[PDB]
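Chains as they are written, first to last, in the deposited numbering: chain B, 0 to 346; chain C, 0 to 346; chain A, 0 to 140, 144 to 346. Beneath this line is the structure, given in structure tokens, with notes to follow.
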Amino acid sequence: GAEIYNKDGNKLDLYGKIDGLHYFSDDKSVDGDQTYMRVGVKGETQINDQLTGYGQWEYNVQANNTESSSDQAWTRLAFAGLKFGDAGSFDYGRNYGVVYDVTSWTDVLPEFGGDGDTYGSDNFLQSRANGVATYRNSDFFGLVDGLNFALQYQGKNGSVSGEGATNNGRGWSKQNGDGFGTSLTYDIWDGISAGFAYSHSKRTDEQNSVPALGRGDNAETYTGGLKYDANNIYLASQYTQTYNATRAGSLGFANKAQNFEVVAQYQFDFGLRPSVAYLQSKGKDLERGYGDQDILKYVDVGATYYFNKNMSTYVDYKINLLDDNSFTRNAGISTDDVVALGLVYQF
Amino acid sequence: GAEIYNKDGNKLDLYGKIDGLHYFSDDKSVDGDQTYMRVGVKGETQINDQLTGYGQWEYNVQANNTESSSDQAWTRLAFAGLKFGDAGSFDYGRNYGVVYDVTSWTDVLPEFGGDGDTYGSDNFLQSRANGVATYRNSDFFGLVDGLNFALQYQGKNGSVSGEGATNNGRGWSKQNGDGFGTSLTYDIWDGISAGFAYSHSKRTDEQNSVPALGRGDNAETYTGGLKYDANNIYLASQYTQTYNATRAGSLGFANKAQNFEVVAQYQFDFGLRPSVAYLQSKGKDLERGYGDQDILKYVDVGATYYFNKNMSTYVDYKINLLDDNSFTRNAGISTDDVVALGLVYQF
Amino acid sequence: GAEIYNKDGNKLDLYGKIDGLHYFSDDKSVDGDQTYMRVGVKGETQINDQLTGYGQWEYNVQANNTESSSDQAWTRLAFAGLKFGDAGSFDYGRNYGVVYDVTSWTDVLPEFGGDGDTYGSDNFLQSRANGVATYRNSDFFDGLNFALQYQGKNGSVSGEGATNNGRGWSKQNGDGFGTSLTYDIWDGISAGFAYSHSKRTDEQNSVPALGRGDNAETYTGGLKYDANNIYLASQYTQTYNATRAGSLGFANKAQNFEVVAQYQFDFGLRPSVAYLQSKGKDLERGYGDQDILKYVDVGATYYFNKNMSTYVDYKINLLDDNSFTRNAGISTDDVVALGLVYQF
Numbered sequence: 000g001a002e003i004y005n006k007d008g009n010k011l012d013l014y015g016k017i018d019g020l021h022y023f024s025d026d027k028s029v030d031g032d033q034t035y036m037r038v039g040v041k042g043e044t045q046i047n048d049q050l051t052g053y054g055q056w057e058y059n060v061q062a063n064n065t066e067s068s069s070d071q072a073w074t075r076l077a078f079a080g081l082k083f084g085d086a087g088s089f090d091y092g093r094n095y096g097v098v099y100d101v102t103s104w105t106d107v108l109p110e111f112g113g114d115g116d117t118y119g120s121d122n123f124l125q126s127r128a129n130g131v132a133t134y135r136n137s138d139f140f141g142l143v144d145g146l147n148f149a150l151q152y153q154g155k156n157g158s159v160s161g162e163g164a165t166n167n168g169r170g171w172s173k174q175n176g177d178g179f180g181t182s183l184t185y186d187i188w189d190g191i192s193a194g195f196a197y198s199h200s201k202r203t204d205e206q207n208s209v210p211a212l213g214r215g216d217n218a219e220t221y222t223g224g225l226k227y228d229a230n231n232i233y234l235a236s237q238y239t240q241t242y243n244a245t246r247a248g249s250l251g252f253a254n255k256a257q258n259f260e261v262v263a264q265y266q267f268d269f270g271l272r273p274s275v276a277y278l279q280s281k282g283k284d285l286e287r288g289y290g291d292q293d294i295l296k297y298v299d300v301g302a303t304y305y306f307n308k309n310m311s312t313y314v315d316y317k318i319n320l321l322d323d324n325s326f327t328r329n330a331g332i333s334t335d336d337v338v339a340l341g342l343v344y345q346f
Numbered sequence: 000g001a002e003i004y005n006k007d008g009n010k011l012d013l014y015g016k017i018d019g020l021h022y023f024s025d026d027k028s029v030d031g032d033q034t035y036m037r038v039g040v041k042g043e044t045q046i047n048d049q050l051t052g053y054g055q056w057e058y059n060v061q062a063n064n065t066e067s068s069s070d071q072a073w074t075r076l077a078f079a080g081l082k083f084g085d086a087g088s089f090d091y092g093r094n095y096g097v098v099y100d101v102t103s104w105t106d107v108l109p110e111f112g113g114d115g116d117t118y119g120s121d122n123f124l125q126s127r128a129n130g131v132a133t134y135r136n137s138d139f140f141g142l143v144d145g146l147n148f149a150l151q152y153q154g155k156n157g158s159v160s161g162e163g164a165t166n167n168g169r170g171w172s173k174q175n176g177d178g179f180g181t182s183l184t185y186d187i188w189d190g191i192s193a194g195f196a197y198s199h200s201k202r203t204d205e206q207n208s209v210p211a212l213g214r215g216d217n218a219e220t221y222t223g224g225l226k227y228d229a230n231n232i233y234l235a236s237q238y239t240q241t242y243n244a245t246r247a248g249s250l251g252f253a254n255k256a257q258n259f260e261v262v263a264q265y266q267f268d269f270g271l272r273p274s275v276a277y278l279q280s281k282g283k284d285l286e287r288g289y290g291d292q293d294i295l296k297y298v299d300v301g302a303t304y305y306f307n308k309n310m311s312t313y314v315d316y317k318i319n320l321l322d323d324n325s326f327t328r329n330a331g332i333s334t335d336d337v338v339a340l341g342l343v344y345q346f
Numbered sequence: 000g001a002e003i004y005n006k007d008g009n010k011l012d013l014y015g016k017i018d019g020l021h022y023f024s025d026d027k028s029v030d031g032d033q034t035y036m037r038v039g040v041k042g043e044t045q046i047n048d049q050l051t052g053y054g055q056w057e058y059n060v061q062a063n064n065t066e067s068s069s070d071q072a073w074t075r076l077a078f079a080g081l082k083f084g085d086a087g088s089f090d091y092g093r094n095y096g097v098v099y100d101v102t103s104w105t106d107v108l109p110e111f112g113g114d115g116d117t118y119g120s121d122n123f124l125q126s127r128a129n130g131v132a133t134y135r136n137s138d139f140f144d145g146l147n148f149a150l151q152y153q154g155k156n157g158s159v160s161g162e163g164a165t166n167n168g169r170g171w172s173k174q175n176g177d178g179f180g181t182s183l184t185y186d187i188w189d190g191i192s193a194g195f196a197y198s199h200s201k202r203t204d205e206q207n208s209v210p211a212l213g214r215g216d217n218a219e220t221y222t223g224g225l226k227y228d229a230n231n232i233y234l235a236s237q238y239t240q241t242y243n244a245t246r247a248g249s250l251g252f253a254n255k256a257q258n259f260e261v262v263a264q265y266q267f268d269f270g271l272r273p274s275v276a277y278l279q280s281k282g283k284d285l286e287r288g289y290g291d292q293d294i295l296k297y298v299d300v301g302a303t304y305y306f307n308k309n310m311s312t313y314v315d316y317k318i319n320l321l322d323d324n325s326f327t328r329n330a331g332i333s334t335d336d337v338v339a340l341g342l343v344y345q346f
């Protein structure tokens, strides 16, 4: 929300939140203060009757460390584009990969869920990504109401230096080669929706040499998801099968993985919204004797009280079901439970 | 000021300044360009007759170094809260420790004074801190005009790793354990005020193990202060005794210390505002031979010319009274004088 | 720029852009995604009939790396000032060195050109700089614009030459000044001259292999034609111990030439051709004379409207790959850029 400018066919929208947030947990890398804020701009310019231009930026600013700390802010979203009426839209920048057009349905927990769990950011086209060109088509050319598809290309984001470098190099866990993805979602009835997504990306030489886990030239995801949203009820599931594309913590990638998320929610009139959910990630054919391993397994219960559109409070209880083993220690995967209390101002 | 949004019970206030600032000094770590700017957002949302929600962000941006320099921006404030009419208010985030509800009375110098002097930021509840829950009450439930109090809790903010760690780990000088604080201020007249504040925090293991100076399980501060502010006159003083809480420069903490600050100012009608002040911090029972030492001692003379509410210029002259000794050299405490010239745009 | 506040003589102007930008090149340190955005505020407060106060901030934010990458934002401009009616103005902060009052005339390519090419940021008074005090005057107490500028020392991180805001030798400067003069001879036709003199630092005369001297100097002259849908401009600049010989140091003397031609069609297309070179002279370590920068530039920008544009730019590199270009890390490969830009 918050339209600070609307004049002569040009609109500016300032949005964000301040999220006062504390975590309680035996895991000392998670426990403690997690206050952060988000600020962003959504901009729109009418060019002619059939053509609109637009841009969007969204910045994350941590407030949970000191004034002398490092790396406390980063860009989540930054892209510019054109909207061609009902012929579709094109944008390029740092944007969401299309896979999340489906997995976003289960990313609605009070605090946990979403990226950092069954997938992450800078993780091929699973979440937010550098350098994605994205074509989107609404209502299949104004013909089939409720049918949306998207086509997406990402250029190589490679190593810092050496043969595989690009200008914007990173470490192997956040690299990608050339890749594409596609999504498709259909509102079969009102309230009910189904959706599929596919993605294919080249892997980099660093991904196939530096970490011990995960080998192959290609990274692939296959995703299907369901969603009921009506009569104050929200049900959603997402099943995703991945090849060489899901992080096995810090140790590398899983050659194969199966990811499952499901969530149920009710919205009471006076503003309470309880939530239960289950999330797992099963990793297959890991090297170095790891074999089959749980990457992620937890039940999630919590609630959000909405005071109004600008202010809410919430608790979330992550009931961790992973067994502590040599895989979870060496990969740095948390096996402890976590409670989260938060108070959020939004604009 | 600068209300950029006020619609349907939601308001948004964009504030900040651009401070064009040069320091002249023999201290090479202080001398030279000091230009920086502040930006932030105050947001308020009416929820119902008795309840208002709010949040506030404030960001510091250095402009005195290069475009390839590191760590030039940080968050000063990020918190969200609720205001329950005259039953009080609550907020959590990065915010001011309640001790500063009193010591703020002497932090009105043209440029110097405030944090970095007798206390600093991320210094228990003496100034800005991570993860403070703060209950505030003004006019003692509407019954006693001018009587204000505050109760405050702060969660542990620990080491980067090891036993004593939290998510948001920092070095020993900005760590704190669990702690609390309280403040109380009374307006006897509409100009004259007195105030007290207390805080008690647990020290962390790194604070007792890494630096040479300061031993103890607990940090304590006791603060009393007086203020005259009317008829264009401003007089203020503040006396604070601390235990394991005041920084002995880079060498650790002072087992006990006494801090005194006092300041007088006069506001002429044409906009000039002269200022004289005196500031000291006397440390006691320091280890390694140091015994009693001055941590800070200086006289300050300066003035601010206010063109209007949005634009001012100022000079400030810190006449440093410290002797250059083994302590001040080893602790990295400046003993040189400083002149500051500034031009400030504010919105 | 979007006026988000205007009340009781105080105006606030929010401006910026989002630049969806890809580079293609065999140079792996240039090739790839280059998406970034810029955001800024221009503030103006009426004080009295003969006095206005103002400030401006402009921030760069890279969006082409990960959420765990570091050093992805920096301040380009931050300054506060007073304007004394038409009798000119003063401002202090991080701002453009006055040399750019003239070289700005060739900095109009679709994408390339400007800082990074014949000169850089934090490069004495040639571009953006820390700690510049700038007095400016319109109509020389007519149509003749004059500026005088002083910069305090920005020196080493530690040691003899330190200041608070220390940096590496490539971006250091000592005490310096500059002046500029520009005039509109005919309508459309402008000429301009600029001089800067700056003390160098001990690190600049001891750490790099290239560039020795107590002072840095720039003489600049430039011409501009800007009427009838036509834009022509050139810039010739001579420098002593002021132009960067890549990573190796400074060039004892250099000669920099920049020229550009452009045409603006009514339906919004704006083709562009330009030529840029930097010739370094009297270099140490056997280098002698060397090309620092040499390329032809062709491209175009389509403007949908005042808020949205697309562009292509093609840098045709003419440098010969030799020992100087490799050791100094100067790119000799070509570059194509495609971008889409939203501006507010």
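Positions of the beta carbon are idealized from the N, C-alpha and C atoms, including for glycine.
For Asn329(B), the uninterrupted alpha helix (DSSP H) run begins and ends at 325-330, by DSSP.
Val262(B): member of the beta strand (DSSP E) spanning 252-265, first to last residue. When C-alpha distances from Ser120(A) are compared across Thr74(A), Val262(A), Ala276(A), the shortest belongs to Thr74(A). Residues of chain B whose Cβ lies closer than 7 Å to the Cβ of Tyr134(C) do not exist; the shortest such Cβ separation is about 13 Å. Think of a sphere of 7 Å around the beta carbon of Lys155(A): the chain C residues whose beta carbon falls inside it are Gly31, in chain order.
Here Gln237(A) is bridged, per DSSP, to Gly224(A), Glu260(A). Distance from the CA atom of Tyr233(A) to the CA atom of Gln264(A), rounded to whole angstroms, is 5 Å. Annotated three-state conformation of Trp104(A) is coil, per DSSP.
Ranked by Cα distance from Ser280(C), the first of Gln257(C), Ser172(C), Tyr297(C), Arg287(C) is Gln257(C). Between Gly15(C) and chain A, the shortest Cβ-Cβ separation is below 9 Å.
In this structure, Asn156(B) sits away from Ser249(B), with a CB-CB distance that is not shorter than 9 Å. In this chain, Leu124(A) is not harboured by any alpha helix (DSSP H), its DSSP state being neither H nor E. Between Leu285(B) and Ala253(B), the gap from beta carbon to beta carbon is short of 9 Å. Taking 8 Å as the upper bound on Cβ-Cβ separation, chain A lies near residues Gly52, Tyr53, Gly54, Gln55, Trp56, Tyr58, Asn59 of the segment 52-63 of chain B. Distance from the CA atom of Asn319(A) to the CA atom of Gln292(A), rounded to whole angstroms, is 15 Å. Residue range 50-61 is occupied by the beta strand (DSSP E) that includes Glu57(C). Bounds of the alpha helix (DSSP H) holding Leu142(B) are 138-142. Under the Cβ criterion of 9 Å, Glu205(C) is not counted among the residues facing chain A. For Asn207(C), the uninterrupted alpha helix (DSSP H) segment begins and ends at 204-208. Residue contact check for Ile332(A) against chain B: no CB pair falls below 9 Å. Annotation: the continuous beta strand (DSSP E) that includes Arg93(B) extends over 88-95. As far as DSSP is concerned, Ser172(C) takes part in no beta bridge. Counting along the chain, the unbroken beta strand (DSSP E) around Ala79(A) starts and ends at 72-82. The continuous stretches of beta strand (DSSP E) do not include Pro109(B), and DSSP gives it neither H nor E. The continuous beta strand (DSSP E) containing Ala302(A) extends over residues 290-307.
For the pair of segments examined, the segment 85-95 of chain C was found not to touch the segment 18-37 of chain C: the number of CB pairs separated by less than 8 Å stays below three. For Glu2(C), the nearest beta carbon of chain A is closer than 9 Å to its own beta carbon. With the criterion set as a beta carbon lying under 7 Å from some beta carbon of chain A, the members of the segment 298-312 of chain C are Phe306, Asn307, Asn309, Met310, in sequence order. Contact between the segment 207-218 of chain A and the segment 186-193 of chain A is absent: fewer than 3 CB-CB pairs across the two stretches fall below 8 Å.
Interface annotation, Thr65(A): in contact with chain B, CB-CB separation under 9 Å. With respect to the C-alpha of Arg127(B), the residue from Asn175(A), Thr105(A), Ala62(A) having the closest C-alpha is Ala62(A). An exposed status is given to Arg287(C), since fewer than 16 other beta-carbon atoms sit within 10 Å of its beta-carbon. Between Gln237(A) and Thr222(A), the CB-CB gap stays under 9 Å.
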